[PDB]
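Residue numbers (PDB author numbering), protein chains in the order written: chain k, 1 to 104; chain m, 2 to 130; chain z, 2 to 71; chain w, 10 to 75; chain t, 2 to 89; chain B, 2 to 272. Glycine included, C-beta positions come from ideal geometry on N, C-alpha and C.
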RNA sequence: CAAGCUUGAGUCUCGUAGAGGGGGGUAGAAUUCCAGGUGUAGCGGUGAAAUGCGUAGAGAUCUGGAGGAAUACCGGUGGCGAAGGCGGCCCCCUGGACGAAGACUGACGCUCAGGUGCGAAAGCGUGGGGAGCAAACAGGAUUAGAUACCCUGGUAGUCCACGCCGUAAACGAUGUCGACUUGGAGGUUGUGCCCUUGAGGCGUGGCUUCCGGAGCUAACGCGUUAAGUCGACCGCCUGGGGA
RNA sequence: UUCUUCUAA
Ligand SMILES: [Mg+2]
Ligand SMILES: [Mg+2]
Ligand SMILES: [Mg+2]
Ligand SMILES: [Mg+2]
Ligand SMILES: [Mg+2]
Ligand SMILES: [Mg+2]
Ligand SMILES: [Mg+2]
Ligand SMILES: [Mg+2]
Ligand SMILES: [Mg+2]
Ligand SMILES: [Mg+2]
Ligand SMILES: [Mg+2]
Ligand SMILES: [Mg+2]
Ligand SMILES: [Mg+2]
Ligand SMILES: [Mg+2]
Ligand SMILES: [Mg+2]
Ligand SMILES: [Mg+2]
Ligand SMILES: [Mg+2]
Ligand SMILES: [Mg+2]
Ligand SMILES: [Mg+2]
Ligand SMILES: [Mg+2]
Ligand SMILES: [Mg+2]
Ligand SMILES: [Mg+2]
Ligand SMILES: [Mg+2]
Ligand SMILES: [Mg+2]
Ligand SMILES: [Mg+2]
Ligand SMILES: [Mg+2]
């Protein structure tokens, strides 16, 4: 449908709940007959600057080929969850599959 | 838009003479050949030639005497915004008879001098002087 | 211009290094630019006159490169 | 002497920080195209990638803020 | 704009040869589909004046295509606006 | 939709109606009605306590759910109705088990939407959940002051209250007056602004339209005799005195709040 | 008038570039306000001062909070738009341009009185909002005077929604459309080709900047984006005032 | 820093 690139930033004390969040989000996409192309946890990572009075965050990259209606449902899940701090969804021209330069 | 093809022919001659171009090409027409027929016959251009099948291109071979141009002045007289028709008594004398006025008559396109000898007038296409 | 004094460095070296980075990062001319409001007329006119200054002087230097003076 | 014209990438990745750290200064400002010689098509893509990496706390907005 | 499948669904519907894609009824209905698709946009976005100039360009272009079609063939003109539901 | 009336008569010259075509054009729901007898502003002593109240059209009272206790059970919105008792429109809702109730209608609510109270409710305009479950920075209305007491804040036609902070047991609110007030984090609140936001755009147009709403005319104090009012008297128009109440209390500027019980709950006053 | 034809004009296919528009989010820096910690006699301002702020603790500094508005660097005689105009980032809706090859329609075109639409800032109406800036106004200076420039304040306003106004040196002081006429150095954006034997070599489109030849022009200059050579249509001018 | 004006042929 519409290729999106989703990266979100988890509160680092909620790093344990991260694979529980990813499986729900994949089941949101694949349950809505969307594709998921790569899915790359980046772990805890030192922030460039302290967002929200704290210095580290847990990064997750996720590439998604879903219809635009369920992504807008997915964005509200990032908005009201307090575990995720920042979320960025970026529309992509195609489906990307190659590993990240920092997964390397 | 191309409101007037005949004034495009005369302007490509006039800009062709001033730019010292050897030959000038343009899209051909049934009327543009008859004007180039007069200009070759009356001695202002060397030769004309129409080439092509789907879109014919009329090519004019220009004429230069003693370095400078032969066609000193060329002007459109009847134009789509304002047509000019004259009777056979009121045909003009371009440059007191030295130049010619290409006139479209019932017996085809001819010069103004031959229009008087044919004894019938018509529409003045252009002044060539 | 966050500049740490290196180990066994004289102070006049590091101060001169500190003046270098502030001129590099463009601090003094930035605050002086923001001291007063500049209209978008004045900003478009001064940037256009800056381009003609960078262009006609290039043509004046190259024209003066050719011909001699004595 | 634009590097992106030589290597020929269709779009600069904002996640490639080690590439993008060669295009910001020490104080985090975007280095102009006069200095690095970047062709202006990739300069628009590069600025659009630094502004995304600043948003994800991958690059600082300045060296001072904390 | 119009999606790729929606264009070809119109072209094969109103083209005499299913590949003509530029015939007069084909060009009218592609505009009429795009005009009627944008009724919802300007009902929601009334201050999108820059897009509305592109809409009036489509209306003005379609009006010239119908007026050309009227003196070229009347029976195709009656059949086109009756099928597309055009008031004139 | 505001409708300017055409001036066919003076008294219709300046009338702007507020016409809402979504309101129910029928009788209200009969089990939820009860008698609302008028008072005339007179207490059990028969004296006029509050002035200028009297007359007006007969009004039946609509029992409105402010406590909003049906947790977990979803409810669909049947129709929107006119309420003479208040400035905001009310919504007749139908729970799944068959109970009908009236709530205050929020801004974007229409006939056919589903609402639901309780803690596990979603966050859409219409749900009611305790403010330790509502995210900080959202606009809510029908706000309780005490848990289970019923909503008391932001009930008039276009009002709302923002939730600006939370420190454990309390949340800090930005009331519609601009006052910052602490409320316990267990008090219920209803999401979204309350509905009839264009209520303040009406203009009654004529003197009788205020008498329809039971507002008797107000005689201004300087038009009296000195036995009647402190402002009264004078040979002509004389007002050489500071503006007071009919009981001699300064009005232009003098504060009157004297509640030392609730001063710990007020963060900042209105401005 | 009838029948055509494909070059004008248009449709389709695949792509590219973009501060083009509308809507909703969101981020960082800074300003002011509020609270608190440290701290103590100045601060601020100017040509010099004073009004002003300061021992009731300012300014400075650190932490926290609130709120508005604008989006450093990128950034460029760069880009887009019919003009006005458009500048963080993300999404949704959406207009236009251009390119490469074809396919297709067959003159379907150009211009346009009246008409209709858009139209900077200032202003107006209703409802919000209001940090900074700032007419008005106030105080301080300056001066012969100073209803000013300077200073310290400061309200409409600037911001948002919806209406109205319909004007600017709304300028390229150059109406739109088409054709032809020597060149040079660029910018930007496609695309073809050569072994990309490097960011190169050879082309071919769009847009744009500068110089300049013929020609034109009162001159200044314009000069393939014409103010050159022509065609179509529109708008307009007729001494300076009065106006 | 402020710093104005000058008729007659
Ligand atoms: Mg199209
Ligand atoms: Mg009263
Ligand atoms: Mg009254
Ligand atoms: Mg009264
Ligand atoms: Mg009396
Ligand atoms: Mg008394
Ligand atoms: Mg009296
Ligand atoms: Mg008196
Ligand atoms: Mg053909
Ligand atoms: Mg054919
Ligand atoms: Mg036009
Ligand atoms: Mg305005
Ligand atoms: Mg006024
Ligand atoms: Mg206003
Ligand atoms: Mg107002
Ligand atoms: Mg203010
Ligand atoms: Mg001032
Ligand atoms: Mg005017
Ligand atoms: Mg302008
Ligand atoms: Mg200009
Ligand atoms: Mg003008
Ligand atoms: Mg020139
Ligand atoms: Mg001339
Ligand atoms: Mg011209
Ligand atoms: Mg001229
Ligand atoms: Mg005097």
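- Considered as a whole, the segment 6–78 of chain B harbours 17–19, 34–36, 61–63 as its complete beta strand (DSSP E) runs of no fewer than 3 residues, in chain order.
- For residue 61/k, the enclosing beta strand (DSSP E) starts and ends at 54–66.
- Cβ proximity to chain w below 9 Å picks out 50, 51, 57, 59, 61 from the segment 50–81 of chain k.
- Residue 111/m sits buried, since 16 or more C-beta atoms from the chains shown fall within 10 Å of its C-beta.
- Spatial neighbours of residue 102/m in its own chain (CB-CB distance under 6 Å, excluding positions within 5 residues in sequence) are listed in chain order as 93, 95, 113, 125, 128.
- Relative to the non-hydrogen atoms of ligand 7, the Cβ of residue 237/B comes within a distance shorter than 7 Å of at least one.
- Taking residue 81/k as reference, the option from 11/B, 135/B, 160/B, 212/B with the minimal CA-CA separation is 135/B.
- Placement of the Cβ of residue 45/B at a distance of 7 Å or more from every heavy atom of ligand 5 is found.
- Scanning chain w for C-beta atoms nearer than 8 Å to the C-beta of residue 32/z yields nothing, as the closest lies near 14 Å away.
- Against chain w, the CB of residue 12/k has no partner CB under 8 Å away; the residue lies outside that interface.
- Note on residue 78/t: 16 or more other CB atoms within 10 angstroms of its CB, so buried under the neighbour-count rule.
- Leaving aside the five residues that flank residue 22/m on each side, the residues in its chain whose CB is nearer than 7 Å to its CB run, in chain order, 63.
- DSSP places residue 79/k within a helical segment (H, G or I) once states are collapsed to three.
- At least one CB of chain k lies nearer than 8 Å to the CB of residue 75/w.
- Comparing alpha-carbon positions, the option among 51/m, 71/m, 123/m, 35/m lying closest to residue 88/m turns out to be 123/m.
- Taking all protein chains in view, the Cβ of residue 201/B is surrounded by fewer than 16 other Cβ atoms within 10 Å, so the residue is classified as exposed.
- Assigned with DSSP and collapsed to three states, residue 3/k falls in strand.
- Those residues of the segment 32–66 of chain w placed with their C-beta closer than 8 Å to a C-beta in chain z are 34, 35, 36, 38, ordered along the chain.
- 8 Å or more divides the Cβ of residue 82/B from the Cβ of residue 142/B.
- Ranked by Cα distance from residue 8/m, the options 30/m, 49/m, 24/m are led by 30/m.
- Annotation: the continuous beta strand (DSSP E) that includes residue 142/B extends over 140–142.
- With a cutoff of 7 Å, residue 52/B counts as near ligand 2, since its C-beta is closer than that to a heavy atom of the ligand.
- Two segments are said to touch when three or more pairs of C-beta atoms, one from each, lie closer than 8 Å; by this definition the segment 52–62 of chain z does not touch the segment 15–30 of chain w.
- Under DSSP, residue 43/k takes part in a beta bridge, and its partners are 59/k.
- Taking C-beta separations shorter than 7 Å and ignoring five residues to either side along the sequence, the partners of residue 10/m in its chain run 27, 33, 36, following chain order.
- Between residue 159/B and residue 197/B a beta carbon distance of about 7 Å is seen, short of the 8 Å cut, so the two are scored as contacting.
- Residue ranges of uninterrupted beta strand (DSSP E) with 3 or more members, entirely inside the segment 42–109 of chain m and ordered along the chain, are 48–52, 58–62, 75–77, 101–106.
- Taken through DSSP and simplified to helix, strand or coil, residue 36/m comes out as helix.
- Of the residues assessed, residue 50/z falls on the exposed side of the cut-off, its CB having fewer than 16 other CB atoms within 10 angstroms.
- The Cβ atoms of residue 199/B and residue 161/B do not sit closer than 8 Å to each other.
- Residue contact check for residue 24/w against chain k: a CB pair falls below 8 Å.
- For residue 64/w, there is no enclosing beta strand (DSSP E); the enclosing alpha helix (DSSP H) has its first and last residue at 49–64.
- In chain order, 31, 34, 35, 38 place their CB closer than 8 Å to the CB of residue 3/t, counting only its own chain and leaving out the 5 sequence neighbours on each side.
- Remark: C-beta atoms of residue 66/k and residue 32/k approach each other more closely than 8 Å.
- Per DSSP, reduced to three states, the secondary structure at residue 127/m is strand.
- Between residue 57/z and chain w, the shortest Cβ-Cβ separation is not below 8 Å.
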